[PDB]
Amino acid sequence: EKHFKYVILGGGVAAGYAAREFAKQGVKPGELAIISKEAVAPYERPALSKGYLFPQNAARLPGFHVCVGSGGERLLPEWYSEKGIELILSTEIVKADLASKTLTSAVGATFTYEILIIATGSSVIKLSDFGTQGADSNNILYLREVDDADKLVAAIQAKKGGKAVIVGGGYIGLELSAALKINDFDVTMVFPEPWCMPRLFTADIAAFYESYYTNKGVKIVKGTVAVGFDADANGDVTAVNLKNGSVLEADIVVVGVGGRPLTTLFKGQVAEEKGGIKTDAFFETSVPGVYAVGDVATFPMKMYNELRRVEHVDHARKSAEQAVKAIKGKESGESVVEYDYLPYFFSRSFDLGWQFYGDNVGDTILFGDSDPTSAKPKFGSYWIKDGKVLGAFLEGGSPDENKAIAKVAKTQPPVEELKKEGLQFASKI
């Protein structure tokens, strides 16, 4: 049975960033462990949908260990041992007893803590979860962890020049459709909503990305879902059957239909809200000494006076740091500031890249141009509620422009004629 003062459960983004902050905060050898089911030390998960998939000069471990994704120092396994931070890899925790402060691995082993950080991230939703016919076929692929990414790269090699079907029109769909096309596949994206990224993109924004993709030769089939798959005698996928009776031939299927917080270890033991583990502004759960960070946390979003859960990397990094600051604060007597999060989302594909800051509520307007025949296109939007700008999006911004939209979102300036020189508005705030 192992004993640690601090245990981080999960070896992902939030775990690595927590490890960095513990080290900044003076953690001593033998005090901290990170327990992860993965076989590798924490890494910047966003690379798996982007650089990992380049057909040459691809990202690979140990390159994109944390914290290189935010311009930080890289934490190789050897950083952890030299600091006496125990990485316990290839270890899945299958039970957590918060009353006894003990965790039990799949293999029977046991681990105790005085302070626990839950950083278990999200599951990948799978068509097999739905019981979809033929969803067990080979080369139907998901992307959450580096092991999944390796399987996809291997399929991309095995099936080169063939046909790929991307199921889903969220972040994964967007990024992976682009990656497959760059890898020389005939690519078709299939999704049920009226335009891609329906939660964040407006119809205007979505139409830009759809036309851009179309121009790159990506086929887009809207208004339907996969209801079945054909497989060959070896059980490899050969076609995707759609709700509307169409069939798409496929050598590879990539599915991105959402993720859900991995919180079932704690079912009944902590308070839960909006699908995640409820926390305060310090990431502390119902149970004292038990924190929850990253994708699992439902936490108070100061600037919008609501609880929220966020499933993006910037929050994973920041929430991790905050927890460690709160823990360390309590040891010498806090105060620590409440988490004050400004939402930051972003995606890049092909030669495109956008950022969004704030909250996408209220009425929207589009500025700039907007032309999918490029180059490089530069256009944005503002979300306006109660006479204030609450949210801002920009595709193709320089660093000063991106900064300027972030400042709009953080300061919520009043407005009416923005559309006029939209970007200039941000540049003058």
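Residue positions are given as counts along the sequence shown, with the first one as 1.
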Assert higher mean C-alpha B factor (149-157 or 300-308, deposited values) equals 300-308
104-112 or 233-241, whichever carries the higher mean Cα B-factor: 104-112
Compare the CA B factors listed in the entry for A33, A47, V361, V66 and report the winner. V361
Given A404, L394, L53, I384, identify the residue with the highest C-alpha B factor in the PDB entry. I384
Per the entry's values, where does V7 land by CA temperature factor relative to the rest of its chain, in the lowest, middle or highest third? middle
State the tercile, meaning the lowest, middle or highest third, of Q322 with respect to the CA B-factors recorded for its chain. middle
Looking at the C-alpha B-factor of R144, is it in the lowest, middle or highest third of its chain? lowest
Comparing against every modelled residue in the chain, figure out the third that the C-alpha B-factor of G72 lands in (lowest, middle or highest). middle
Of the three thirds of Cα B-factor ranks in this chain, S81 occupies the highest
